[PDB]
Each structure stands twice: as structure tokens, then as C-alpha cells.
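Take a look at this one chain, the form solved without the named molecule, written out in C-alpha cells.
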């Protein structure tokens, strides 16, 4: 007795909503520009074929396998694949990663809502040609919303509107998640994914019509899709690319796995998986990449775009792009569409990374969905205060959980499933129910190329990448405590298990 996806389409759209989020529209544009445009597009594609696709199939398999036995989370699932105590411990990262990521992700997701509400109502800055005179009012606007430190103190000071909108955002996440898999996440995916797509396509079209003295949107596209084989030898290009592949595909977050545990034992994962991965890549390389960069390039030429890209993650999407839109007509409504697009793109993703925790409390602590959802909401809402109030706390969570964490966790889930659990049993399991079959070549990729590929990166990472403030220790301290709290629950679960047995 376990919730299941009602419909094939509902399932595919929920898994595409999982993947397609603030990642395709905020991160991808920046990552692609920072690393030389078309330069970044070669390693990004190979990373999709050698890491994204195999890992996407592996996670679906693991999740579906688990769900057939009533287990949607990695501490349970890892233990099934590998009957070892250390399998439960390693499996804890599959609750910790999505949880930590959720803590800052839902906060950023709320900004987009707040901005949308202000653009719609026209409570946005009125810029007075001087590039800085147009950018400044918007930089000031975001800065008041999140409360960027004016002094030396590493202290943020969210506006009350910002803060209340985070309550509303949390409330909307819960109101979906509390309704469950089919009547909440699946009903929501069916509405949001179309809406999202139509919004994107409209903004893409509206952006190609941009032409100024400094360029056109067509300039931005060229920059984006013009090879530069002289970066290929840079580790920093491939790192960025692979890293992007993880975040973007939601790989390593334990989220694909949990969603898959609601797929019926017999249902197909091979085609379904490949479709959701492909929908993601389309959504970023066609939609996400054709908005921010072309628009900045049209207004500032190329050099200045890359300069803005390098500036910050949130500069382009929260300051530059709205500043640009303010300089075209029906621009304020253009910004509304942009933030309303980001909000739906974050909302369908944030409910995905909150579900592993909910699934754990329901599956292992036998909690009711209503309680599992409220308690998880409590933990996320509470811990998020660290992200709202402590400068660079978001950066530190993003680093350990959403950067290092997911890669190490991708490699871990593959070794366990495909080496420890057994490469052939893995392969069999992946293909069972399959409408199509995984191409035979991917058996060797999955077993040798993929884990190798990752192991190499993960080494160059720990080696080539003390120079931080002391407040980083407040965040690290707290997220280590989160890991222990989760280990403790895993402990409590295996015990209730010993007694129910």
C-alpha cells in the first residue's frame, strides 16, 4: 500500500518539474557565459551523455526497486542493495542533501514570487542612458529585499515583505505536498509545466526582437553556440559542466529516487527517464539559454555580458534583466512574466527536494502524510532563518550540499547499485518493464566510464579548489548537526523496525 503516479504523463511532467528549475534559468546562463559560451557547450553535452543519462536511469531503477518494498529513501534503499550498517549511514546523505538544498532553495524561490508580485503591481524602481544610472535602482531594489549588509557585519536584514512572502511560499509548497503524490505533485505538474513552457517560449520570442546599438539577441545566441576548442583542456570548464549536469538534472539529491519509488514495479523507467532528462536539457539549452544572455548581449554587447555573468549568480536574473526590461515597452509586465516563470520553475523543484524527508517520515517512522509534511515544513522553515539572516550562509550550504555533496553522492549510489549490488542485477533491474532498452554501450559507461569520470573530477576538486570568514563555521556547525539529527532518526527507524519485527 503506497501512493503511485496516476498517469504516465503526470509522472513525466512531475519528473521534469523536478529537474527543470532555477537551475536552467539562473545558473545555466551564467555558467555557460563564465566559461566562454560555446566553449562550455561541448563538455556540457558530453557530460549529459556520459554522466547525466546513465545516472538518471540508475536513480529511477533504485527508486522503483525500493518503492516495491515500501522504501523511498536512500538509507533504506542503500541497505537493501547492500546489507551493511555503513550503507544506512551513507544513505543519510540522501535526506541531508535535499534538505539542506531545500533550506536555501525555497528562500530564493520566494524572491521570484515577491518580485513578481511587485512587478505586476508596479512597485518596481523607475530608472531615469548612463548604464550605471539604470542598473543602480535595481541593484538597490534587490539589496533592500534581502537586506544585504551595508556595514562590516555579515548580517542580512530581509524586508518584512520579503519575510512574509517566504511564509506564503512555504505555505504554497505545503498545500501541494500535503495532498500527496497524485493529487498534489502530479496535479500540480500538469498545470505548471505547460504554463512554464508557454511563458518561456513567449519570453524567448520577445527577447529575439531585442535590438539596440550594442547588439541584438542574435549576437547573444552566437556567443552561446560558437565552439572554442582551446578551453577543452581546462579542468575548470569540465568541472563547471559536470557540476551543472548534476544540479540541473537533480542528480545526487536523492530526489529522482524518491519520486521513482512511487512508480509501479512494472511501469517503464527507461523511456520515461530518458524523456524527463531530455525535457530538462531542452528547457535549458533552448529556453533558459535564449533569454538572459541574448537580452544582456543585446544591451551591452558581449564583453559586458560575460562581465555581468561573472559579477554574481543573482545579478543577471534579479538586477540586470529587470533593468533591461525597464528599458523596453511593456517591460514591467515583461519582468512579471520572468519572475512568475522562475517561481513556477522553482516551486515544482522545491517540492521535489522536500519529498525525500516526507517520504522517510512516512515510510520509516510510519508518520502520516499530514504530519510528515508539516514536520518537514517546520524543519525547513526554521533552518531557513540561517540563510535569510546570515550573509554567505547560502553560499556555504550550496557548496557542501549542492556542489560537493551531490557529486560524491552520485558516485556513491552508482558504486553501491552497479558494483556492490551487482552490475548485471543492476542492468536487469534498469531494463525491466522497459518500453525501450538501454543501449548496450551504456552498460560499460555505467560500470566504468561514469564512475571513472566522476572519480577524476572529485580528485581535481579536493586538490585544486582557509580563505573564508569565521561565520562559515556557524553554518557548517549547524548543517553537521542536521546530519546527526538525521542519523539519529535512521537509528530510531531501524529500532521501531526491530520491535515491529
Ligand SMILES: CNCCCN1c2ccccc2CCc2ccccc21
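Positions refer to the first chain, counted from 1.
Another form, the form solved in complex with the named molecule, is not on view; read the next lines as being about it.
Enquirer: Note which of 134, 286, 415, 313 lies within 4.5 Å of the named molecule in the deposited complex, where distance is taken over heavy atoms; exactly one does.
Expert: Result of the distance check: 313.
Enquirer: To verify the annotation, which of these, 323, 172, 224, 411, has a non-hydrogen atom within 4.5 Å of the named molecule in the deposited complex?
Expert: It is 172 that has a heavy atom within 4.5 Å of the partner.
Enquirer: Does residue 421 reach the named molecule in the deposited complex, with heavy atoms at most 4.5 Å apart?
Expert: No, no contact at 4.5 Å.
Enquirer: With the partner left out here, check for me: in the deposited complex, does some heavy atom of residue 237 sit within 4.5 Å of the named molecule?
Expert: Taking the distances in the deposited complex, the answer for residue 237 is no, it never comes within 4.5 Å of the named molecule.
Enquirer: Taking any heavy atom pair closer than or equal to 4.5 Å as contact, tell me whether residue 482 reaches the named molecule in the deposited complex.
Expert: No.
Enquirer: Given that the partner is absent here, does residue 336 sit within 4.5 Å of the named molecule in the deposited complex, heavy atoms only?
Expert: Contact with the named molecule, no.
Enquirer: Which residues from 95 to 112 come close to the named molecule in the deposited complex, meaning a heavy atom within 4.5 Å?
Expert: 104, 105, 108, in sequence order.
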